[PDB]
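Numbering of ligands and ligand atoms starts at 1, following listing order. Index from 1, following the sequence.
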Amino acid sequence: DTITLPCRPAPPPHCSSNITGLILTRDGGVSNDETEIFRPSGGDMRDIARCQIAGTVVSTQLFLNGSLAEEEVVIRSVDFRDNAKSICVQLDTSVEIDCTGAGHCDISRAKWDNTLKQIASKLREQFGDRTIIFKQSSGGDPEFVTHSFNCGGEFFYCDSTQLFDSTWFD
Ligand SMILES: *[C@@H]1O[C@H](CO)[C@@H](O)[C@H](O)[C@H]1NC(C)=O
Ligand SMILES: *[C@@H]1O[C@H](CO)[C@@H](O)[C@H](O)[C@H]1NC(C)=O
C-alpha cells in the first residue's frame, strides 16, 4: 500500500525527492489528556536554528533531500518545554516521494508508518510515557496547511493530510 498525496499544480516526475527530516510544533498537550499533539510546521524551515540539516530545495513541513543522521532518528529543540519553539526532526533513513506527474506524489505506507514509530519513540524519550498524536497543521492560510516545495522554478503544494493523522503509544 501507498499514501497518495494530491498536489497543485501536477508535480513533474523529476520533483521526486527523499524526505530526510521535518519540523514539528507541539501545541502541545496544554491542560492534560496525558497526550502530546504534534503538527507539521508551516513556517520557514530556516527560521529554526539548531536544525542545520537542509540541503538545497526550498520546502515546508519536511526536508526534501538534505542531511541524514549517523544512523538513529535525532530530534532536537532549543527548548522542548516552550511550545513556541519548533522541534527539529532528522531521520536516519529517507522515505522517498515519487511524483508521477498525474497530480499526486506517492509514499510507501510501510516506510512512513515505521518512520513515525521511530519519531514517536524519540518524542517519548523527551516527554515520557504519554500518547503521541500526529495531526494536521491547524491553519493560517491555504499556505501553511500544506507541504509546499520548489522544483524547476515553481511551487507545488501537496495535501499532506494523511502523513499526520495517527496516534502512537496511546
Ligand atoms: C533517495 O534515497 C537514497 C538515499 O541514500 C539515494 O541513494 C537515492 O539516489 C535517492 N533518490 C531520490 C530520487 O531522491
Ligand atoms: C533531490 O535529489 C534528487 C537526486 O539528486 C534530484 O534528482 C531531485 O530533483 C531533488 N529533489 C528536488 C525537489 O529538487
Apply salt bridge (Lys or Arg N to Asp or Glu O under 4.0 Å) to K117 and list each qualifying residue two or more places apart in sequence or on a separate chain.
-> none
Mutual orientation of the aromatic rings belonging to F127 and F80 [parallel < 30°, tilted 30-60°, perpendicular > 60°] = perpendicular
Between the side chains of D159 and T161, does any donor sit under 3.5 Å from an acceptor?
-> yes
Which heavy-atom pair separates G28 from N83 by the least distance, and what is that distance?
-> N-ND2, 4.3 Å
Could you go through ligand 2 and list every pair where one of its N or O atoms sits under 3.5 Å from a protein N or O, giving the atom names and the distance to one decimal?
| from | atom 1 | to | atom 2 | distance (Å) |
| --- | --- | --- | --- | --- |
| ligand 2 | 2 (O) | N65 | OD1 | 3.2 |
| ligand 2 | 2 (O) | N65 | ND2 | 2.3 |
| ligand 2 | 9 (O) | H14 | O | 2.9 |
| ligand 2 | 11 (N) | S17 | OG | 2.8 |
| ligand 2 | 11 (N) | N65 | ND2 | 3.2 |

What residue pairs, at least two apart or across chains, pass ring pair (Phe, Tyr, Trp, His ring centres under 6.0 Å) with a residue in residues 87-111?
-> none
Can you give me every donor-acceptor pair (side chain of residues 4-14, partner residue at least two apart or in another chain, under 3.5 Å) with its distance?
none

